[PDB]
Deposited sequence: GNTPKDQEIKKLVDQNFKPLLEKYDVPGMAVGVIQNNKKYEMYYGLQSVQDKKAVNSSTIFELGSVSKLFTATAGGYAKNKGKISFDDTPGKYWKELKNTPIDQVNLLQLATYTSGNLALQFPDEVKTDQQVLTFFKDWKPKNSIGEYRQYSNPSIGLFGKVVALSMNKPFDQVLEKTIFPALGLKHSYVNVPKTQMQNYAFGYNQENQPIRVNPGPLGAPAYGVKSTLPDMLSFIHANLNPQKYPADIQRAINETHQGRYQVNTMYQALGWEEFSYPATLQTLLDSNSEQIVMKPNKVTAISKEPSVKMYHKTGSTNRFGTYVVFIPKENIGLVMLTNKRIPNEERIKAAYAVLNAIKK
């Protein structure tokens, strides 16, 4: 293998491989893209009971990293004139017209600032009918637009509206329009039966395989392979190489919309001035930032040099993605067991700080 192949292999063995034994993770896939060259590393088992090893065809649940595709879909619809970010959801979901949630605009939904949407729906909201009822019954609390609270319902409503604006269901927005535009071959909202042998099992804290809520797809419902996620990073590092409609979509997800301490909220992606200190990257996943409302501040001028990342999990999968435009580099980690977000962020910080230019 090439000297770079061996260097990156050593850095990933040094920084990511020990995490498998440390947290009893059955399988992991780690990818690096640098200067348009992709490097794939696979460890362990996609399914413990089948002794099937993780490989380039293994499909992982991306969990909350799915929001990056919802963001891209929204950027796509906005730049085709199908929505404006100043629109409100009742323009598209007519049953929300003349309700209080129709006072929140689409950008505020996409970036979690409605002022009264928590991490998850209430436990009793279990069906699509009940989701619509929930949004009709919704009342504001904190001043609309002023407080960020990370929220699956919030970006789920944004995704539902994006789909309505494109006259197709959300799963078709991704599987027929967005994934093909990005060149992805094995990314899914619904994994077909022909791929089930490649669909990894996820493992809980007792290392047992389990296998969603309503309106979940835009918030946490995408599945993908390591080669597809490296392709997605390639698109984010080189949007100018893609046709205009998806190029504009991608660029839209890189624009910071407001600031919370050292973090800038873009669409889906979290944005930081580059270089970001390790503490800044860790702070973005603190309990205060992730679970509580935080007052936003308007951006004076966007940082001159930027980097981006996103964590995400399900109860049984973990994901991390990060990229640095100036260095033409990015990294993806997929696991079929959760590990602490700080471990994912620290390991990727070590690798990207050590790789030779």
What portions of the deposited sequence, indexed from 1, have no corresponding C-alpha atom in the structure?
-> 1, 213-214
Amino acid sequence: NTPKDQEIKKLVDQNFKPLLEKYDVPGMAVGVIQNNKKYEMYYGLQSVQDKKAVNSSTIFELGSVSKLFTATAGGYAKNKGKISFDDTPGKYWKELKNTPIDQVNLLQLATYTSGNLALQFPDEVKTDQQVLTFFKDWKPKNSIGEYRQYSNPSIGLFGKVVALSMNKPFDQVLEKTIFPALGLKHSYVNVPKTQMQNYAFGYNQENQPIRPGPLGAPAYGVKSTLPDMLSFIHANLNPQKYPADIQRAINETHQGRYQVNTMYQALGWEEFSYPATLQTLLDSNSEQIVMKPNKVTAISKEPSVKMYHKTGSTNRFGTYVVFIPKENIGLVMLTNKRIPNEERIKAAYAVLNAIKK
From here on, numbers count along this sequence of modelled residues.
Got a sec? Mean C-alpha B-factor, which is higher, 1-9 or 346-354?
-> 1-9
Given 80-88 and 150-158, the range whose Cα B-factors average higher in the PDB entry = 80-88
Most elevated Cα B-factor in the entry, residues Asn236, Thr253, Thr133, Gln197 | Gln197
Candidate set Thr297, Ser56, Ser66, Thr311 [ranked by C-alpha B-factor, highest] | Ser56
Would the CA B-factor of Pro293 place it in the lowest, middle or highest third of its chain?
-> middle
Report the third (lowest, middle or highest) to which the CA temperature factor of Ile178 belongs, ranking only the modelled residues of the same chain.
-> middle
Using the B-factor values recorded in the entry, state whether the Cα atom of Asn142 falls in the lowest, middle or highest third among the modelled residues of its chain.
-> lowest
On the chain's distribution of Cα B-factors, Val48 falls within the third called highest
Considering only modelled residues of the same chain, in which third does the CA B-factor of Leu184 rank: lowest, middle or highest?
-> highest
